[PDB]
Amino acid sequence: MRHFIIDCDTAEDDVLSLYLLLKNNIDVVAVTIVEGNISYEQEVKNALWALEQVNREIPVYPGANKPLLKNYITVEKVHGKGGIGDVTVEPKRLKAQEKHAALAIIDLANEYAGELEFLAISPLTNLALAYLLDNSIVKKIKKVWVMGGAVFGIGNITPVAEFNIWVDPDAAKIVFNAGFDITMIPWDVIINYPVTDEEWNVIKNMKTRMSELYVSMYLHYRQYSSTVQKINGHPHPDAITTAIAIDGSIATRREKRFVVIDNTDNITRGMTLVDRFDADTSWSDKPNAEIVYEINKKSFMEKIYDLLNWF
């Protein structure tokens, strides 16, 4: 059995990623919450509410509510006030744990030493804080699956940077320098694989509780993604990362490269600068991340349709 922590700035694609793991009988041992997409206290409530819909009592540990050093902005314009459109949900029964996410990560890394996997689909503040307190988690965590970066400089939050890295580039720099086994899925790869109008219409006609929930959660994000980002539909940054974590054959091209995080407050803040070892100069010959450059869209969407037929 595989054991995962999922780290969430909880909006629509975080909820769907949690569900992809659970639907597929992956052991989710904790959900950790970090600043990012929407108001932090609503992110905590979103996760608790999400667990209730699937009858689970997995602990939710609130973590950092701001970056280590930098200021950031939430993006409720992108995801809705509640992260799933403008509805702001509230759990009926479940309550957040008191312990800080960074301390929970250390405890869980000990309990599941050598087998724990970390699904880093959000800003990296909690993982950085856990590392800073206990450097031994680099061996104890088997694998870090990172949704982050823009490896061709086609960013979302700025023209050249991706949101998760940009929110806390100091935390990202710490994580990328620590020695974790990282596989990274960039924004400017996943935008090549949007959910098309044809696919969206198929989902709207499924009429299961899950398909209805997906339509409800994604409508606002789809409108924004199409109108502002000029994406032909909506993207699945976190759900693609999660699908590859579950089934690695969904990734069809990977390269091990050396990634530098820009942690300045300059215009280049949050950029992922990638040495491919093919230029006239080089920064390092030691790769620190396996980067996914292509996926099998058909295989990915098969996992999504399977999830939406759950109930």
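Residue numbers run from 1 along the displayed sequence.
Asks: Return whichever of 201-209 and 214-222 has the greater mean Cα B factor according to the PDB record.
Replies: Higher mean C-alpha B-factor: 201-209.
Asks: Would 162-170 or 134-142 have the larger average of its C-alpha temperature factors, as given in the entry?
Replies: Higher of the two, by average CA B-factor, is 134-142.
Asks: Of the choices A150, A101, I84, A178, which one's C-alpha carries the largest B-factor in the record?
Replies: Largest recorded C-alpha B-factor: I84.
Asks: Please work out which residue in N263, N46, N37, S249 has the highest C-alpha B-factor recorded for this crystal structure.
Replies: The listed residue with the largest C-alpha B-factor is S249.
Asks: Relative to the other modelled residues in the chain, which third contains the C-alpha temperature factor of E294: lowest, middle or highest?
Replies: Highest third.
Asks: Looking at the temperature factor on the CA atom of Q42, which third of the chain's modelled residues does it land in?
Replies: Within its chain, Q42 is a middle-third residue by C-alpha B-factor, going by the deposited values.
Asks: Would you mind checking where the Cα B-factor of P237 ranks among the modelled residues of its chain, as the lowest, middle or highest third?
Replies: It falls in the bottom third of the chain.
Asks: Compare the C-alpha B factor of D107 with those of the other modelled residues in its chain, then answer lowest, middle or highest third.
Replies: CA B-factor rank for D107: middle third.
Asks: How does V89 rank on Cα B-factor within its chain, lowest, middle or highest third?
Replies: Highest third.
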